[PDB]
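Colleague: Part one of the assembly, not moved from where it sits:
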Amino acid sequence: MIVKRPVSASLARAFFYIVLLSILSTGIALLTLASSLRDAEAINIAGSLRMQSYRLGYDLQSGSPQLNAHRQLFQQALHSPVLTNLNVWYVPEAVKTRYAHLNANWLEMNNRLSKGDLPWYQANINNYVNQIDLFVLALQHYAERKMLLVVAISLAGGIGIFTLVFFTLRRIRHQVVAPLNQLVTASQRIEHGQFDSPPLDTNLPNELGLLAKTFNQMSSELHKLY
């Protein structure tokens, strides 16, 4: 008699899949959250561009001396680190393309502003800011996507951990714990000469199967010299 399916290997496998699942789900979730940390900041700055744009029209009409300073503030906001860090592989085409339209469009706006072309501004500002609005919408959706993905994985892993634990403990109980109790009871019984006790099930392919057999064999005999 050999042991065909050592317990050592079964557990290795079981606990490994519990682990791997834990690392995989935590790895993706944490990557996604790392990439999402500045989403709120991103949406705020991109939106501000809409206020800044209408503010520029207001400064034009009123002859404000802050026009040029407001014109630089817009430039600086548009090319702020958080928005330039959107040109990067894991960000979708829609966000990156809408962003590129806002840079082109600005070049025409800023220019027209330096020629103080107010009729132009009045005709174009609705369309101009709309384009900004769609950019911020795209960022809003992308933030929502990433967060949903995290909810999927949090909920998949926490379900998959509950599953794997359940079946692993279940298998341990039926193939190790229950049979060990039978062995112990049988050991305790023969030790006080109880001998008409039904023999152990030997059909486990692990160590408990081999011990059952040894036990039944050592016990059928030593019961009979007796």
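Modeller: Perfect, I can see it now. Residues are numbered from 1 along each chain as shown, chains lettered A, B, ... in the order given.

Colleague: Scan chain A for its longest helix.
Modeller: helix A:118-172 (DSSP state H).

Colleague: by contact count, what packs against that one?
Modeller: Packing partners of helix A:118-172 (3 or more CB pairs under 8 Å, 6 or more residues apart in numbering; DSSP states H and E): helix A:7-36, helix A:39-62, helix A:93-114. Using the backbone N, CA and C atoms, a C-beta is placed for each residue, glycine as well.

Colleague: centre of the chain versus the last one, how much separation?
Modeller: Going back to what we said before, that points to helix A:93-114. A distance of 34 Å separates the centroid of the chain from that of helix A:93-114, by CA atoms, centre = their mean, to the nearest Å.

Colleague: Can I get the helices and strands packed on helix A:118-172 in CSV including distance to residue A:181?
Modeller: Shown next, in CSV, are these (distance: least, CB to CB, whole Å):
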stretch, distance to residue A:181
helix A:7-36, 16
helix A:39-62, 55
helix A:93-114, 61
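
Colleague: and residue A:128, how many residues sit next to it?
Modeller: 20 (other CB atoms under 10 Å).

Colleague: Next one: it from residue A:4, what distance?
Modeller: As for residue A:128, its distance to residue A:4 is 75 Å (criterion: CB to CB, to the nearest Å).

Colleague: sorry, back to before: residue A:75 is nearest to which of the helices and strands packed on helix A:118-172?
Modeller: Of all the helices and strands packed on helix A:118-172, helix A:93-114 sits nearest to residue A:75, with 7.4 Å by CB to CB.

Colleague: next one: phi and psi at residue A:66?
Modeller: When read as degrees, to the nearest 10, the backbone of residue A:66 gives phi -90, psi 0.

Colleague: Extract the CA atoms of stretch A:58-71 and return them as PDB.
Modeller: C-alpha atoms of stretch A:58-71 as PDB (Å, rounded to 0.1, in the frame of the first residue of the first chain):
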ATOM      1  CA  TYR A  58     -17.000  88.800 -18.800                       C
ATOM      2  CA  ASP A  59     -13.600  90.500 -18.500                       C
ATOM      3  CA  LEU A  60     -13.800  91.400 -22.200                       C
ATOM      4  CA  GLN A  61     -17.100  93.200 -22.000                       C
ATOM      5  CA  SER A  62     -16.200  95.000 -18.800                       C
ATOM      6  CA  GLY A  63     -12.700  96.100 -19.900                       C
ATOM      7  CA  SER A  64     -11.200  94.300 -16.900                       C
ATOM      8  CA  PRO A  65      -7.400  94.700 -16.300                       C
ATOM      9  CA  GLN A  66      -7.300  91.000 -15.300                       C
ATOM     10  CA  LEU A  67      -7.900  89.700 -18.900                       C
ATOM     11  CA  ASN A  68      -4.300  88.700 -19.600                       C
ATOM     12  CA  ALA A  69      -3.700  87.200 -16.200                       C
ATOM     13  CA  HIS A  70      -6.900  85.300 -16.600                       C
ATOM     14  CA  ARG A  71      -5.700  84.300 -20.000                       C
END
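
Colleague: Need the contact partners of that stretch.
Modeller: If you take CB atoms under 8 Å, 6 or more residues apart in numbering as the criterion, stretch A:58-71 is touched by A:52, A:55-56, A:110, A:113-114, A:116, A:118, A:121.

Colleague: Likewise for stretch A:79-89?
Modeller: With CB under 8 Å, 6+ apart, stretch A:79-89 has contacts from A:38, A:41-42, A:45-46, A:77, A:95-96, A:99.

Colleague: Tell me the buried residues within the contacts of stretch A:58-71.
Modeller: Among the contacts of stretch A:58-71, those buried by neighbour count (16 or more other CB atoms under 10 Å) are A:52, A:55-56, A:113, A:121.

Colleague: Chain B should go on the structure too:
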Amino acid sequence: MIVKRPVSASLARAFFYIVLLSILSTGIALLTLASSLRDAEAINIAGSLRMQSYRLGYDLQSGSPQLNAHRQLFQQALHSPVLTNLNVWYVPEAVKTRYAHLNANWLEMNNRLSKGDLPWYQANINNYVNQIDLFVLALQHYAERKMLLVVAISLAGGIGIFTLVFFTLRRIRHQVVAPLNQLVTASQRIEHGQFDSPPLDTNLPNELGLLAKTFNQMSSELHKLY
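Modeller: Okay, chain B now, added to the rest:
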């Protein structure tokens, strides 16, 4: 001889704490993410109020016929579901209070607008929109907090699962798997009359300790009639 620390109870406890930790960390993470699903939307709408406010000044100066429609659009945005659902226990005082200032302030703005008081608007718009700006900042920070909290728990649970698994498998190996292999080897050896083999360690408080003793006892004797 009794079994002082049944394996059944040890595992119950071990796998339970693996589970509980999984549920607790997933429960908090999923609550936090549920409450965070509309954070991006919230920040976008709140920001839009800044554009809308400057747009109203622009319509005042230009005599636009959209002033009143733009005035309702602001009202509707300010009292949109996503912003009114901020008056709720799990949202901090700072967000809820800044929101309340924006409702008061609007009442003065909207009124002054219906008296087309343009000098008033020019004096107050900087301060007015600033107050909106601080509200959106507060929302931005709160979104960032919640997300950091989720990162803490994702990373605490995924570490705590790796810890508990590690010690549980470790304990199983030393108290169940290693001793079972000794039993099997010992069983296999006496079955082919090897008998000067060193006796099993009996110092485990579980079933393996009792079996070791039974084995050593049944083996010291049956070795000697021989």
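
Colleague: Chain B added, so what about what packs on helix A:118-172 now?
Modeller: Under the contact criterion of 3 or more CB pairs under 8 Å, 6 or more residues apart in numbering or on different chains; DSSP states H and E, helix A:118-172 touches helix A:7-36, helix A:39-62, helix A:93-114, helix B:7-36, helix B:39-62, helix B:118-172.

Colleague: Reformat those as JSON lines; add distance to residue A:203.
Modeller: Below are these laid out as JSON lines (distance: least, CB to CB, whole Å):
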{"stretch": "helix A:7-36", "distance to residue A:203": "15"}
{"stretch": "helix A:39-62", "distance to residue A:203": "57"}
{"stretch": "helix A:93-114", "distance to residue A:203": "60"}
{"stretch": "helix B:7-36", "distance to residue A:203": "21"}
{"stretch": "helix B:39-62", "distance to residue A:203": "57"}
{"stretch": "helix B:118-172", "distance to residue A:203": "23"}
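
Colleague: which residues sit in contact with residue A:147?
Modeller: If you count contacts by CB atoms under 8 Å, 6 or more residues apart in numbering or on different chains, residue A:147 has them with A:36, B:33, B:36-37, B:40.

Colleague: One more: residue A:186?
Modeller: A:197, A:200, A:215, A:219.

Colleague: so the third one makes contact with residue A:200?
Modeller: It refers to residue A:215. Yes: taking CB atoms under 8 Å as the definition, residue A:215 is a contact partner of residue A:200 at 5.7 Å.

Colleague: Quick check: neighbours shared by those two?
Modeller: Shared contacts of residue A:215 and residue A:200, defined by CB under 8 Å, 6+ apart, comprise A:183, A:186.

Colleague: Identify the residues contacting the spatially most central residue of chain A.
Modeller: Among the residues of chain A, the one closest to the centroid is residue A:29, at 2.2 Å (CA atoms, centre = their mean). Residues near residue A:29 by CB under 8 Å, 6+ apart: A:150, A:153-154, A:157, B:154.

Colleague: farthest pair in those?
Modeller: For these, the farthest-apart pair by CB to CB is A:150 and A:157; their separation is 10.7 Å.

Colleague: if we can go back for a sec, just send the contacts of residue A:29 back as TSV, with neighbour count and distance to residue B:71 too.
Modeller: What follows is the contacts of residue A:29, written out as TSV (neighbours: other CB atoms under 10 Å in any protein chain shown; distance: CB to CB, whole Å):
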residue	neighbour count	distance to residue B:71
A:150	25	39
A:153	20	45
A:154	24	43
A:157	24	49
B:154	24	45
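
Colleague: right, and the helix or strand after the longest helix of chain A?
Modeller: Per DSSP states H and E, helix A:118-172 leads on to helix A:178-191 as the next helix or strand towards the C-terminus.

Colleague: three-state assignment of residue A:88?
Modeller: Assigned state for residue A:88: coil (three-state reduction, DSSP: H, G, I helix; E, B strand; the rest coil).

Colleague: actually residue A:65, sorry about that
Modeller: Three-state assignment for residue A:65 (three-state DSSP): coil.

Colleague: phi, psi of it?
Modeller: Torsion angles, degrees, to the nearest 10, at residue A:65: phi -70, psi -10.

Colleague: where's it relative to chain B, distance?
Modeller: 13 Å (CB to the nearest CB, to the nearest Å).

Colleague: One more: residue A:47?
Modeller: 3 Å.

Colleague: Could you double-check that that residue lies in contact with residue B:52?
Modeller: No: the pair residue A:47 and residue B:52 fails to qualify as a contact (CB under 8 Å) at a distance of 11.1 Å.

Colleague: the more surrounded of the two?
Modeller: Using other CB atoms under 10 Å in any protein chain shown, the more surrounded residue of residue A:47 and residue B:52 is residue A:47, with 26 against 21.

Colleague: one step back: give me the buried subset of the contacts of residue A:147.
Modeller: A:36, B:33, B:36, B:40 (16 or more other CB atoms under 10 Å in any protein chain shown).
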